[PDB]
Amino acid sequence: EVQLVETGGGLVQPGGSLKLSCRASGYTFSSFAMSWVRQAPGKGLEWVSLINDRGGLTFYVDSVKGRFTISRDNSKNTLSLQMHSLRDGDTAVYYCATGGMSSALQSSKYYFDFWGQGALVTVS
Amino acid sequence: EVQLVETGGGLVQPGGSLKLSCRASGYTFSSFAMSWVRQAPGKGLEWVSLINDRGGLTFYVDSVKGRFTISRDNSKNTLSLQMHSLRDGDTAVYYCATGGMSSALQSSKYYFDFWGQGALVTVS
Amino acid sequence: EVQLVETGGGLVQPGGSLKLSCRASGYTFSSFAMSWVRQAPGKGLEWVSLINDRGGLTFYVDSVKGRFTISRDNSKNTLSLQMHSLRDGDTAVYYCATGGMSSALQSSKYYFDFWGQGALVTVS
Amino acid sequence: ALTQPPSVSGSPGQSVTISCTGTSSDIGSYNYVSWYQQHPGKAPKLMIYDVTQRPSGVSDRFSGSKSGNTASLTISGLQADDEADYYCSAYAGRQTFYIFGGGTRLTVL
Amino acid sequence: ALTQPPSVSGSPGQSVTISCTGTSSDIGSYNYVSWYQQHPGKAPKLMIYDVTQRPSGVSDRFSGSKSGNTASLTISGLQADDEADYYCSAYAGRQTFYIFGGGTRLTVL
Amino acid sequence: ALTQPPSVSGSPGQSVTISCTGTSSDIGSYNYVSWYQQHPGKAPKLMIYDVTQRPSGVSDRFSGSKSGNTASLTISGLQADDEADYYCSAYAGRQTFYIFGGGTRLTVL
Amino acid sequence: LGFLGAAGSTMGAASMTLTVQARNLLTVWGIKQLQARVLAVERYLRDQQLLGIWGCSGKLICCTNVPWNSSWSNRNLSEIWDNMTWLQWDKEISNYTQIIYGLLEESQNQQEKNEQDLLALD
Amino acid sequence: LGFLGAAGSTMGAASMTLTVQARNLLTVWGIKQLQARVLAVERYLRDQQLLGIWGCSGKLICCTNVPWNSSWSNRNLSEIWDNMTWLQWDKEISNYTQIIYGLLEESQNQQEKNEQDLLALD
Amino acid sequence: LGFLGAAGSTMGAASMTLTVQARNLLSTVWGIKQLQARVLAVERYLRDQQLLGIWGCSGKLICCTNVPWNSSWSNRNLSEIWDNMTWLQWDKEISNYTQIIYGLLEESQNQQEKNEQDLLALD
Ligand SMILES: *[C@@H]1O[C@H](CO)[C@@H](O)[C@H](O)[C@H]1NC(C)=O
Ligand SMILES: *[C@@H]1O[C@H](CO)[C@@H](O)[C@H](O)[C@H]1NC(C)=O
Ligand SMILES: *[C@@H]1O[C@H](CO)[C@@H](O)[C@H](O)[C@H]1NC(C)=O
Ligand SMILES: *[C@@H]1O[C@H](CO)[C@@H](O)[C@H](O)[C@H]1NC(C)=O
Ligand SMILES: *[C@@H]1O[C@H](CO)[C@@H](O)[C@H](O)[C@H]1NC(C)=O
Ligand SMILES: *[C@@H]1O[C@H](CO)[C@@H](O)[C@H](O)[C@H]1NC(C)=O
Ligand SMILES: *[C@@H]1O[C@H](CO)[C@@H](O)[C@H](O)[C@H]1NC(C)=O
Ligand SMILES: *[C@@H]1O[C@H](CO)[C@@H](O)[C@H](O)[C@H]1NC(C)=O
Ligand SMILES: *[C@@H]1O[C@H](CO)[C@@H](O)[C@H](O)[C@H]1NC(C)=O
């Protein structure tokens, strides 16, 4: 009964910025890596970013290295994503996912396990 | 008299893999670095791969970086190239040669003296 | 004042090699980084080369990365730029400038304080 | 990107396969080829992780395999609940972490 | 290179703004946007170093700012001296260090 | 690849200079040029190792040099037995290791 | 948690407290105290030299190139890093530690030779 | 000049000659000489271990990832490196010295964990 | 062969056994005598480790440096130095030049440390 709930505004003008939040429950938040994956309205799933369990290491796709910042706060069970400039091609449903990397003392994952409901980011 | 005998090669279908073994006789095998050089039937010579005298270090051209594997068993004299995947482009006489690197305690080679006879690798 | 007096010259074969020299006065030579910036005859500015305070560090644009050598003699308070091979796009007035980098101990610059009068390099 | 067919179909009681083809630097070298099932209007769910394993609470029907540079998801039974888009995700090393393929339409007759 | 207008103009006593647009790795992340005024036939000179800071000895009139990925140079009443070309310069990072925009012809009516 | 003339033709007793041209990052910076002689039905063998040296057992007529961004093989007075393809090669750095120039058919009239 | 405070703690939790237990590793009565201090110094230097020859000098958490052999412990990563303490683990693999250290030395020797050749390839 | 000769020079000038001081860190008098030698060895090794836990082992000028807090000293680089000596600086930041050391240790721990995790990203 | 086993071997062969001779540097009248001997051994080891440290070779047994070799010290070719000579004959040959080499290594490391510090200053 793992829960993941995304929050944040769904309508943005081109060239602006947007912060999404994502609250987790039902598991130890600090023990798992987290990621954001996007799905365009007419396309499939595309990975956006990943962050480590402790919150220090961040990784991104080539197209978003200078625009997106992923962060987490384990003490508030919160995953945040700050998007700058947010071009028209970034319009998508953004899902939280649990998994994608491990702490080297845990078994490997390399998969996305629990999936969140999703939030729709529309670029005007 | 130094001589190198390539005992491999033949017809192979695309998708299949082939292994070429080049025995060496007449000199101390473990003291020389070895390489594989490719000559297409209608073209000139092309360097493919290089292995050190100890055998721990391997280098390839970018084209065959993930498909070829060079190896050396110093004890039973044999330089072996295992070509996985493969394509129509890699149709060629493959020569083994004694050079291309040095131990870093001896003089610099950067040439390929003492050449083998050459095995013919044909891809349908 | 701070005066940067180029000498050099300009009459060079298209495949030739030239050396510019630059003298500086009015300030402590060994404490500023130096650079070369070129301006094509009637177009905008282009940064060419950067040298540290001690002469140990060189940085170049990619278009000259294998051709130009920048050097400094702190004892005689001179800067020099050795160009080899060259090309048709190298027609320009070259200027010395003080700035563009600073050691960790001192304050940051990332800009050019004083620009010399320069010299025109033309490739026939 | 990974290549998948646009559509696969069959009637209840037979088994079907969904192919996922990549390159040597992703599918071949790294045996972490997960599969996801996305119900229309809902979020995806994990069906098989690694290249053969299966999470708890997922039916034995879904199975996986990999030969050469081709991975495959085999679905048996076809109880007509699985009206969904299937995706294959593959770890591709550093700098390119994960690559997803195009969706495959599963139609139950 | 950076994108910068080819010319600006105005009357004496009026102010103008010279814009200069770069990318996120060039103007946004690094606040080292110098401005240089080159009279024709003369070597350039420094008029702004950093987004706001002005050199010692340069006339007070010159100022500038940065917002987002756009930097701008703000001048004051165009005295007859201020007829020259104005070039930007942004610290891109390591690798390619500095990039210099085009010239802006400033015309006094 | 290196650029090298497709063929040359020489007369016995007259010296022939087989050339080779590369780029500044490869043949120029790295002082390791090498010339090989390949008979039509035989595996190649090595005539010039490094720019000017010659291995024991190879006739003293074979020598070579480099200048600027080019290199040249001189084989002195032509003999009847020197009917073969010639190749130049050069160490080009720890990335692209060795680059081989095309073949030069040496015709002896 | 102070010195040895993680002794009964989970290995994955105890592995964050290495520094506290590393900082604390360093006429007749004068001779006795000097023998104890010299012994402590020699033990520290032997451990540091042993880390050095493995290529792990200056580190507290050093990854190596020696694969783990199932014979030493056929236990999954969870059973070691999440459920066990370092004392239980130290007892579990004590028989093989003199083997493991030897393998580490060999791998570093090969690595050093490799590094040497690359610095010359040019 | 020789040992401690740069003591009256500026910090950016004294920092150019760090090896000169570094090389000088290594019965009535039998036991006293032995105690002095053990003391010198102990102090040197404590300094080397302290550099080690910060990730600065083997270096004399070691850059770190701890930002400078303006409460420790708010003087700019032209007043610290060009117009100050090391002894004056030591007096200036003495109170906050242990705080800096703690942050340095913590920083290395995080950077020791993160690097390990990267080496696990297959 | 164990401790000092590669003494009559060539330096090429002997260079592969450096760990063997590295581990043998560490372990009231006789009390004071043995503590003096142990402290002497510890001080000599630490002086060698500090000397390696100020050369940028800390933690290494085979350390490449950025100091060119000067023919004046010895003009021998690598086919004699490494393949036809022992470390004892070598060490005797470059005994008169050891201090110059040590000074050059120290200055090279100081220049490299300043260069590395500046390369991190750049943003
Ligand atoms: C002791 O173990 C219990 C669980 O059994 C845990 O809650 C507690 O933190 C442990 N204490 C220490 C110091 O490891
Ligand atoms: C693992 O340990 C066993 C028992 O000590 C040994 O025989 C075996 O060779 C080891 N594994 C490998 C891969 O060498
Ligand atoms: C590890 O093995 C134990 C054995 O009891 C098992 O319970 C546990 O689920 C395993 N953990 C894994 C596979 O991550
Ligand atoms: C280690 O060796 C001792 C003595 O041979 C033996 O009693 C003990 O069971 C061994 N331990 C393991 C874990 O094999
Ligand atoms: C001492 O300070 C004076 C300036 O007051 C300076 O010229 C001199 O170089 C300094 N001497 C040393 C040894 O640092
Ligand atoms: C250290 O503390 C004392 C007492 O609180 C204070 O007087 C002194 O100025 C401080 N030292 C500094 C700021 O260097
Ligand atoms: C001594 O030299 C001989 C050859 O002269 C060699 O075979 C032998 O291995 C050497 N002994 C050692 C220990 O190197
Ligand atoms: C080598 O040594 C000689 C004298 O011993 C000296 O003149 C020469 O400059 C040196 N060359 C170097 C260090 O390159
Ligand atoms: C080294 O010099 C000796 C003569 O002193 C000679 O016999 C040997 O061939 C030389 N080796 C090389 C590689 O030049």
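Residues numbered from 1 in each chain as written, not as in the entry; some residues may be left out. Chains lettered and ligands numbered in written order. Part of a larger assembly, values for the part shown. Heavy atoms only, no water.

Per the deposited record, the coordinates in this entry were obtained by cryo-EM to a resolution of 3.30 Å.

1. Examining the state of the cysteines
Residues and elements named next belong to chain C. The following threshold applies: Working definition: a disulfide is two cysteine sulfur atoms within 2.5 Å of each other. By the criteria applied, helices consist of DSSP H or I runs no shorter than four residues and strands consist of E runs no shorter than two, each listed in order from the N terminus. Only protein chains enter the accessibility calculation, which uses a 1.4 Å probe; a residue is then buried when its area is under 20% of its type maximum, exposed when over 50%, and partly exposed in between.
Enumeration over the complete set of coordinates arrives at 9 disulfides over all chains. A sulfur-sulfur separation of 2.0 Å characterises the disulfide bridge that pairs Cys-22 with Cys-96. Here the S-S torsion is close to 135 degrees, and the disulfide linking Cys-22 with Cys-96 is therefore right-handed. Within this pair, whereas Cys-22 is found in strand β2 (residues 18-25), its partner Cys-96 is found in strand β8 (residues 92-99), the two being separated by 74 residues in sequence. Given the relative accessible area of 4%, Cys-22 is considered buried. For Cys-96, a relative accessible area of 0% gives the class buried.

2. Things to note about the packing of helix α3 (residues 28-53) of chain G against helix α3 (residues 30-53) of chain H
The packing of two helices is summarised by the inter-axis angle and the distance between the axes. To keep things clear, this is the line we draw: Between N-to-C directions, angles cover 0 to 180 degrees, with each direction set by a line fitted to C-alpha atoms, over the stretch in contact for helices. Put simply, angles under 35 degrees are roughly parallel, angles over 145 are roughly antiparallel, angles from 65 to 115 are roughly perpendicular, and the rest are oblique. By convention the crossing between two helices is left-handed if the near helix lies anticlockwise of the far one by an angle smaller than a right angle, and right-handed if it lies clockwise. Residue contacts are defined here by distance: any two heavy atoms, one from each residue, within 4.5 Å place the two residues in contact. Any residue that is not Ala, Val, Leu, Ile, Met, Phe, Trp, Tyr, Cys, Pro, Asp, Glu, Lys or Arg is counted as polar, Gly included; the first ten are nonpolar and the last four charged.
Direction vectors running N to C along α3(G) and α3(H) enclose 30 degrees, while the axes themselves pass 11 Å from each other. With respect to their mutual orientation, α3(G) and α3(H) come out roughly parallel. For the crossing formed where α3(G) meets α3(H), the hand is left-handed. Residues G:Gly30, G:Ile31, G:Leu34, G:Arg37, G:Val38, G:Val41, G:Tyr44 and G:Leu45 of α3(G) touch α3(H), and the partners they reach there are H:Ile31, H:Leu34, H:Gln35, H:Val38, H:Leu39, H:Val41, H:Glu42, H:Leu45 and H:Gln49. The residue makeup of the contact of α3(G) with α3(H), split by class, is 12 nonpolar, 3 polar and 2 charged.

3. Examining helix α6 (residues 98-121) of chain I
Convention followed: An expected span of 1.5 Å times one less than the residue number is assigned to each helix.
Between its first and last C-alpha atoms α6(I) spans 35 Å; for 24 residues at 1.5 Å apiece the expected length is 34 Å, and the two agree. Regarding α6(I), the residues found buried are I:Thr98, I:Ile101, I:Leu105, I:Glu106, I:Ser108, I:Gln109, I:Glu113, I:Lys114, I:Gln117 and I:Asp118. Here the buried face of α6(I) lies against α2 (18-22) of chain H together with α3 (29-53) of chain I.

4. A few points about the interface of chain D and chain A
Rules: Two parts placed together each lose some accessible area under a 1.4 Å probe, and adding up what both lose gives the buried area. As used in this structure description, the phrase polar contact means that two N or O atoms lie within 3.5 Å; if the pair is within protein, one of them must be able to donate a hydrogen and the other to accept it, and residues adjacent in sequence are counted only when both atoms belong to side chains.
Taken together, the 17 residues of chain D in the interface contact 23 residues of chain A. When chain D packs against chain A, close to 1700 Å² is buried across both sides, 66% of that on carbon and sulfur atoms. Looking at the side of chain D facing chain A, the largest losses of area belong to D:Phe97, D:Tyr98 and D:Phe100, adding up to 36% of the total buried there. Taken together, the links from chain D to chain A amount to 4 residue pairs in polar contact. Elements with a minimum of two residues in the side of chain D that touches chain A: β3 (33-38), β4 (44-48), β7 (85-91) and β8 (98-100) of chain D. For the side of chain D that touches chain A, the residue count by class is 11 nonpolar, 3 polar and 3 charged.

5. Some remarks on the pairing of strand β3 (residues 34-39) of chain C
Residue and element names in this part refer to chain C. To keep it simple, the criterion reads: DSSP bridges decide pairing: two strands pair if at least two such bridges lie between them.
Counting buried positions over the 6 residues of β3 gives 6, a clear majority of the element. Because side chains alternate across β3, one face comprises the buried residues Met-34, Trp-36 and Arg-38, and the other comprises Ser-35, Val-37 and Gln-39, equally buried. Inspection of the sheet shows β3 paired to strand β4 (residues 45-51) by 6 bridges, in the antiparallel sense. Bridge pairing links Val-37 to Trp-47 in β4. As consecutive antiparallel partners, β3 and β4 are separated by 5 residues, and within that stretch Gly-42 has a phi angle of approximately 115 degrees, a positive value. Here 6 bridges tie β3 to β8, and the two strands are oriented antiparallel to one another.

6. As for the pattern of salt bridges
So the rule is basically this: The salt bridge criterion pairs a side-chain nitrogen of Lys or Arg with a carboxyl oxygen of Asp or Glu, the two atoms within 4 Å.
Under the defined criterion, the tally for this structure stands at 37 salt bridges over all chains. Linking E:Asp60 and E:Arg54 is a salt bridge whose minimum nitrogen-to-oxygen distance equals 2.8 Å. It is possible to trace a salt-bridge network through shared partners that takes in A:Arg38, A:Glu46, A:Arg67 and A:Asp90.

7. Notes on helix α6 (residues 97-118) of chain G
Helix length check: α6(G) (22 residues) gives 32 Å between terminal C-alpha atoms against 32 Å at 1.5 Å per residue, within 8%. G:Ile100, G:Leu104, G:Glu105, G:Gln108, G:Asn109, G:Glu112, G:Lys113, G:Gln116 and G:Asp117 are the residues of α6(G) that are buried. The elements touched by buried residues of α6(G) are α3 of chain G together with α2 (18-22) of chain I.

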